[PDB]
2 protein chains.
Amino acid sequence: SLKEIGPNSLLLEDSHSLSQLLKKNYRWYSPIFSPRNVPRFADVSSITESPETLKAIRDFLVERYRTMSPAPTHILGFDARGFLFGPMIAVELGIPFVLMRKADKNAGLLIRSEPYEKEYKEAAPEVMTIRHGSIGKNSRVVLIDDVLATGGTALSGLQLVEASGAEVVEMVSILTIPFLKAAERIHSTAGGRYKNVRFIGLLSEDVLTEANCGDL
Amino acid sequence: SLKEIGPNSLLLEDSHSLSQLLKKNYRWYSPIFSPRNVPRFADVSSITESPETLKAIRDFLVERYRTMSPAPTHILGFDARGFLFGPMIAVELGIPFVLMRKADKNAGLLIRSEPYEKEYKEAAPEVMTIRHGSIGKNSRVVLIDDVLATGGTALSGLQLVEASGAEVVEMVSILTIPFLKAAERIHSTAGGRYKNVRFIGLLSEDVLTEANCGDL
Ligand SMILES: Nc1ncnc2c1ncn2[C@@H]1O[C@H](COP(=O)(O)O)[C@@H](O)[C@H]1O
Ligand SMILES: Nc1ncnc2c1ncn2[C@@H]1O[C@H](COP(=O)(O)O)[C@@H](O)[C@H]1O
């Protein structure tokens, strides 16, 4: 079950078997063994290659949304790693899985997000899209991705769901990085417009040690 | 059930309920409403947004691999749209889902593919990767993606599975484009080295009409 580590920011208790699976199976890589210049790149394939972990994520989130009232009407997953988790939840719930992608990967009439200006020498925000009408008015949308870091991607999702006239149920990630303070930042951004957005993480990055290091 | 439309090229019979679901729900877009310069862009979200179709794909492929002997040991899905289908199969079979990605999206020690030279004014082949050791020797690998067109992506998968010392069970796509002749080409390429690779399609593109056109 989920514990509140900050206002509207919940984390799966570390005694839960999914939490232990994720701590056990997550693998991360240094810049020399990874595609991105971050000190710990959490490799999503360390989760998808572990049938027990993948199944535990699926079971956990499916039971969560089945017993949630009102029930979610849509899952919106973020290109590309959100694609790995969303469909397996959505297929059990009997609801649409919708794709958040860069405009040049997405088809149809689109809606684009409006990211904030980048911070010091920092990391270019990505403009993301959904198809117009993919999310109807008074939809209730679960947003999903593998990792919540700064929250920039998450915020694009929030902006697109709100632009569609819909409600965000919550933002779920497998891994969350408290040190980057995404929930806290999104919760005060734009005058507190997103204060009531619930963030769920399944594992904290602080829990990962060099026992999780995949480096050769 | 599957019919042979060419040597080692099988297509789901059009009386099957999944075939009718796919014919009914698939949506395609012209260049002006799409991210790519092809006359019919098959929008994968037309499938993931249809819970009935997504579930039918899942049920069909899960039952297929459950009753297959020997059983597949791994599913390898192609970035990004293969990611939408693979995990929901793999999670039911209790086997790893492995990611085929461009090198600058993939983590760890990688293996890269070796595409053939491009054809007339034609379409740049993409070098694809898996992590070394993600697929063990005497693995039996199902390859999956949303669309089989020329077969270039598929061939990268074949080259990587064979380079790992593993067997390809088959290449599955939701949509297949007979006019581009991917199976026939892969089957004679490199002296017939891949003659015994089975291709499965769930719907032929010839079956899609302007009743499938998503354009506004
Ligand atoms: N440390 C990390 N390891 C792997 N992926 C990451 C990492 N940090 C961020 N990401 C990816 O970048 C996006 C989240 O970044 P952000 O927008 O800062 O919250 C997600 O789509 C993740 O896949
Ligand atoms: N007509 C199409 N509509 C949507 N996606 C396509 C289409 N043709 C090719 N693709 C994509 O390109 C890859 C297949 O192309 P190919 O390598 O030529 O077999 C797959 O990953 C598909 O997602």
# chains A, B, ... in the order shown; residues from 1 in each chain; ligands from 1
>>> residues_around(residues="stretch 67-74 of chain B", least_positions_apart="2", cutoff="8 Å", atoms="only C-alpha atoms", output="count of residues only")
15
>>> select_by_dssp(residues="stretch 11-213 of chain A", states="strand (DSSP E or B)", output="PyMOL selection string")
chain A and resi 11-12+27-29+41-43+74-78+97-101+110-112+129-131+140-148+167-176+199-204+213
>>> write_last_selection(atoms="C-alpha atoms", output="PDB file, in the first residue's frame")
ATOM      1  CA  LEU A  11       5.172   5.950  -2.650  1.00  0.00           C
ATOM      2  CA  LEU A  12       4.699   2.200  -2.429  1.00  0.00           C
ATOM      3  CA  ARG A  27      19.378  -2.005 -13.085  1.00  0.00           C
ATOM      4  CA  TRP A  28      21.021   1.355 -13.744  1.00  0.00           C
ATOM      5  CA  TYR A  29      24.040   2.364 -15.858  1.00  0.00           C
ATOM      6  CA  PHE A  41      20.267   5.717 -16.095  1.00  0.00           C
ATOM      7  CA  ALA A  42      17.473   3.379 -14.909  1.00  0.00           C
ATOM      8  CA  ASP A  43      17.163   0.738 -17.621  1.00  0.00           C
ATOM      9  CA  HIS A  74      -8.346   6.347 -20.147  1.00  0.00           C
ATOM     10  CA  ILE A  75      -4.655   5.638 -19.676  1.00  0.00           C
ATOM     11  CA  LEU A  76      -2.258   8.071 -21.328  1.00  0.00           C
ATOM     12  CA  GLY A  77       1.275   6.693 -21.671  1.00  0.00           C
ATOM     13  CA  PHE A  78       4.414   8.666 -22.557  1.00  0.00           C
ATOM     14  CA  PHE A  97      -4.648   3.536 -24.130  1.00  0.00           C
ATOM     15  CA  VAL A  98      -3.716   6.894 -25.582  1.00  0.00           C
ATOM     16  CA  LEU A  99      -0.236   7.935 -26.785  1.00  0.00           C
ATOM     17  CA  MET A 100       1.669  11.074 -25.794  1.00  0.00           C
ATOM     18  CA  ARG A 101       4.339  11.576 -28.473  1.00  0.00           C
ATOM     19  CA  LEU A 110      -2.806  17.204 -32.704  1.00  0.00           C
ATOM     20  CA  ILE A 111      -2.622  19.317 -29.559  1.00  0.00           C
ATOM     21  CA  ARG A 112       0.879  20.426 -28.376  1.00  0.00           C
ATOM     22  CA  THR A 129       1.298  16.003 -28.299  1.00  0.00           C
ATOM     23  CA  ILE A 130      -1.895  13.985 -28.234  1.00  0.00           C
ATOM     24  CA  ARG A 131      -4.468  13.713 -30.992  1.00  0.00           C
ATOM     25  CA  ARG A 140     -10.597  10.696 -16.120  1.00  0.00           C
ATOM     26  CA  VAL A 141      -7.017  10.026 -17.178  1.00  0.00           C
ATOM     27  CA  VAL A 142      -4.236   8.058 -15.557  1.00  0.00           C
ATOM     28  CA  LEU A 143      -0.862   9.288 -16.852  1.00  0.00           C
ATOM     29  CA  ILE A 144       1.977   6.785 -16.952  1.00  0.00           C
ATOM     30  CA  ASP A 145       5.711   6.657 -17.661  1.00  0.00           C
ATOM     31  CA  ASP A 146       8.664   4.662 -16.387  1.00  0.00           C
ATOM     32  CA  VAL A 147      10.478   7.460 -14.556  1.00  0.00           C
ATOM     33  CA  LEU A 148       9.460  10.701 -12.862  1.00  0.00           C
ATOM     34  CA  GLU A 167      -9.516  15.311 -15.334  1.00  0.00           C
ATOM     35  CA  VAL A 168      -6.236  13.802 -14.267  1.00  0.00           C
ATOM     36  CA  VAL A 169      -6.720  10.855 -11.958  1.00  0.00           C
ATOM     37  CA  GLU A 170      -2.988  10.652 -11.150  1.00  0.00           C
ATOM     38  CA  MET A 171       0.517  10.443 -12.578  1.00  0.00           C
ATOM     39  CA  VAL A 172       2.100   7.003 -12.069  1.00  0.00           C
ATOM     40  CA  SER A 173       5.746   6.107 -12.607  1.00  0.00           C
ATOM     41  CA  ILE A 174       7.611   2.882 -11.782  1.00  0.00           C
ATOM     42  CA  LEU A 175      10.586   4.897 -10.483  1.00  0.00           C
ATOM     43  CA  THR A 176      10.516   8.362  -8.891  1.00  0.00           C
ATOM     44  CA  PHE A 199       1.690  11.500  -7.943  1.00  0.00           C
ATOM     45  CA  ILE A 200       2.270   7.770  -7.360  1.00  0.00           C
ATOM     46  CA  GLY A 201       5.719   6.209  -7.456  1.00  0.00           C
ATOM     47  CA  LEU A 202       6.404   2.495  -7.180  1.00  0.00           C
ATOM     48  CA  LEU A 203      10.068   2.794  -6.141  1.00  0.00           C
ATOM     49  CA  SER A 204      12.275   5.601  -4.987  1.00  0.00           C
ATOM     50  CA  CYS A 213      24.566  -1.156 -11.137  1.00  0.00           C
TER      51      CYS A 213
END
>>> closest_residue(among="A:106, A:209, A:25, A:138", to="chain B", atoms="only C-alpha atoms")
A:106
>>> closest_atom_pairs(of="chain A", to="chain B", cutoff="7 Å", atoms="only C-alpha atoms", output="Markdown table")
| residue | atom | partner | partner_atom | distance |
| --- | --- | --- | --- | --- |
| A:29 | CA | B:108 | CA | 6.8 |
| A:33 | CA | B:108 | CA | 4.7 |
| A:34 | CA | B:107 | CA | 4.5 |
| A:35 | CA | B:104 | CA | 4.8 |
| A:43 | CA | B:107 | CA | 6.3 |
| A:45 | CA | B:98 | CA | 6.5 |
| A:48 | CA | B:97 | CA | 5.2 |
| A:49 | CA | B:96 | CA | 4.0 |
| A:50 | CA | B:96 | CA | 5.8 |
| A:51 | CA | B:94 | CA | 5.1 |
| A:54 | CA | B:91 | CA | 6.4 |
| A:55 | CA | B:91 | CA | 5.6 |
| A:80 | CA | B:80 | CA | 5.7 |
| A:83 | CA | B:84 | CA | 5.3 |
| A:84 | CA | B:83 | CA | 5.3 |
| A:87 | CA | B:84 | CA | 6.2 |
| A:88 | CA | B:88 | CA | 4.7 |
| A:91 | CA | B:55 | CA | 5.6 |
| A:94 | CA | B:51 | CA | 5.1 |
| A:95 | CA | B:51 | CA | 5.4 |
| A:96 | CA | B:49 | CA | 4.0 |
| A:97 | CA | B:49 | CA | 5.1 |
| A:98 | CA | B:49 | CA | 6.1 |
| A:99 | CA | B:45 | CA | 6.8 |
| A:104 | CA | B:35 | CA | 4.8 |
| A:105 | CA | B:35 | CA | 5.6 |
| A:106 | CA | B:35 | CA | 6.1 |
| A:107 | CA | B:34 | CA | 4.5 |
| A:108 | CA | B:33 | CA | 4.7 |
| A:109 | CA | B:33 | CA | 6.4 |
| A:215 | CA | B:108 | CA | 6.9 |
>>> select_by_dssp(residues="stretch 77-159 of chain B", states="helix (DSSP H, G or I)", output="compact mmCIF listing (two decimals) with N, CA and C atoms, in the first residue's frame")
# COMPACT_ATOMS: atom_id res chain seq x y z
N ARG B 81 6.51 1.10 -31.43
CA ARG B 81 5.15 0.60 -31.47
C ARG B 81 5.03 -0.88 -31.13
N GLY B 82 6.12 -1.61 -31.27
CA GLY B 82 6.21 -2.95 -30.74
C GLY B 82 6.11 -2.99 -29.24
N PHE B 83 6.50 -1.90 -28.60
CA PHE B 83 6.42 -1.81 -27.16
C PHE B 83 4.97 -1.86 -26.69
N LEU B 84 4.03 -1.51 -27.58
CA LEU B 84 2.65 -1.40 -27.20
C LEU B 84 2.00 -2.77 -27.06
N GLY B 86 4.00 -6.10 -27.08
CA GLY B 86 4.82 -7.17 -26.54
C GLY B 86 4.61 -7.48 -25.06
N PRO B 87 4.73 -6.47 -24.20
CA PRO B 87 4.54 -6.63 -22.74
C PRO B 87 3.26 -7.29 -22.32
N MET B 88 2.15 -6.94 -22.96
CA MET B 88 0.88 -7.58 -22.60
C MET B 88 0.83 -9.04 -22.98
N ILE B 89 1.64 -9.46 -23.97
CA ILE B 89 1.73 -10.91 -24.28
C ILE B 89 2.66 -11.55 -23.27
N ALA B 90 3.83 -10.94 -23.08
CA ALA B 90 4.92 -11.51 -22.29
C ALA B 90 4.50 -11.71 -20.83
N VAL B 91 3.73 -10.75 -20.31
CA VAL B 91 3.28 -10.80 -18.95
C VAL B 91 2.38 -12.01 -18.70
N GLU B 92 1.58 -12.41 -19.68
CA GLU B 92 0.78 -13.62 -19.54
C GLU B 92 1.56 -14.94 -19.69
N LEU B 93 2.64 -14.93 -20.48
CA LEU B 93 3.45 -16.12 -20.75
C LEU B 93 4.55 -16.35 -19.72
N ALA B 103 20.69 2.65 -30.94
CA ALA B 103 21.77 2.65 -29.94
C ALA B 103 21.70 3.79 -28.92
N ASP B 104 21.33 4.98 -29.37
CA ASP B 104 21.23 6.13 -28.47
C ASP B 104 19.92 6.19 -27.66
N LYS B 105 19.14 5.11 -27.67
CA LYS B 105 18.05 4.95 -26.71
C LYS B 105 18.28 3.76 -25.80
N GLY B 152 12.74 -4.09 -43.45
CA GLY B 152 14.03 -3.63 -42.97
C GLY B 152 14.21 -3.73 -41.46
N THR B 153 13.18 -3.30 -40.72
CA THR B 153 13.18 -3.36 -39.26
C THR B 153 13.19 -4.82 -38.84
N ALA B 154 12.29 -5.59 -39.42
CA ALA B 154 12.22 -7.02 -39.17
C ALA B 154 13.59 -7.70 -39.36
N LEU B 155 14.28 -7.37 -40.45
CA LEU B 155 15.57 -7.97 -40.73
C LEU B 155 16.61 -7.62 -39.66
N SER B 156 16.56 -6.41 -39.11
CA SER B 156 17.46 -6.02 -38.01
C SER B 156 17.24 -6.94 -36.82
N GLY B 157 15.97 -7.22 -36.52
CA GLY B 157 15.62 -8.17 -35.49
C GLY B 157 16.18 -9.55 -35.78
N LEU B 158 16.00 -10.03 -37.01
CA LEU B 158 16.51 -11.35 -37.38
C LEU B 158 18.02 -11.39 -37.19
N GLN B 159 18.72 -10.35 -37.64
CA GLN B 159 20.19 -10.29 -37.57
C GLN B 159 20.67 -10.29 -36.11
>>> closest_residue(among="B:40, B:198, B:118, B:16", to="ligand 2", atoms="only C-alpha atoms and all ligand atoms")
B:40
>>> residues_around(residues="residue A:6", least_positions_apart="6", cutoff="10 Å", atoms="only C-alpha atoms", output="PyMOL selection string")
chain A and resi 178+181+183-184+199
>>> write_last_selection(atoms="N, CA, C and O atoms", output="mmCIF file, in the first residue's frame")
data_model
loop_
_atom_site.group_PDB
_atom_site.id
_atom_site.type_symbol
_atom_site.label_atom_id
_atom_site.label_comp_id
_atom_site.auth_asym_id
_atom_site.auth_seq_id
_atom_site.Cartn_x
_atom_site.Cartn_y
_atom_site.Cartn_z
ATOM 1 N N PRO A 178 12.948 11.595 -5.824
ATOM 2 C CA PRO A 178 12.581 12.646 -4.875
ATOM 3 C C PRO A 178 13.491 13.846 -4.906
ATOM 4 O O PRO A 178 13.006 14.957 -4.794
ATOM 5 N N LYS A 181 12.443 16.690 -6.982
ATOM 6 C CA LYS A 181 11.287 17.436 -6.461
ATOM 7 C C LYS A 181 10.180 17.748 -7.497
ATOM 8 O O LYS A 181 9.593 18.818 -7.472
ATOM 9 N N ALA A 183 7.020 16.564 -7.926
ATOM 10 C CA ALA A 183 5.657 16.752 -7.421
ATOM 11 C C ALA A 183 5.540 18.117 -6.758
ATOM 12 O O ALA A 183 4.633 18.888 -7.050
ATOM 13 N N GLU A 184 6.491 18.413 -5.882
ATOM 14 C CA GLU A 184 6.555 19.688 -5.188
ATOM 15 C C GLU A 184 6.588 20.856 -6.197
ATOM 16 O O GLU A 184 5.859 21.824 -6.036
ATOM 17 N N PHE A 199 0.570 12.268 -7.387
ATOM 18 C CA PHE A 199 1.690 11.500 -7.943
ATOM 19 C C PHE A 199 1.891 10.204 -7.143
ATOM 20 O O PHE A 199 1.907 10.225 -5.907
#
>>> closest_residue(among="B:185, B:24, B:137, B:195", to="ligand 2", atoms="only C-alpha atoms and all ligand atoms")
B:185
>>> atom_distance(atom1="atom CA of residue B:164", atom2="atom CA of residue B:136")
6.5 Å
>>> closest_residue(among="A:119, A:14, A:205, A:4", to="ligand 1", atoms="only C-alpha atoms and all ligand atoms")
A:205
>>> atom_distance(atom1="atom 16 (P, counted along the ligand's line) of ligand 1", atom2="atom CA of residue A:113")
14.2 Å
>>> atom_distance(atom1="atom 23 (O, counted along the ligand's line) of ligand 2", atom2="atom CA of residue A:149")
27.9 Å
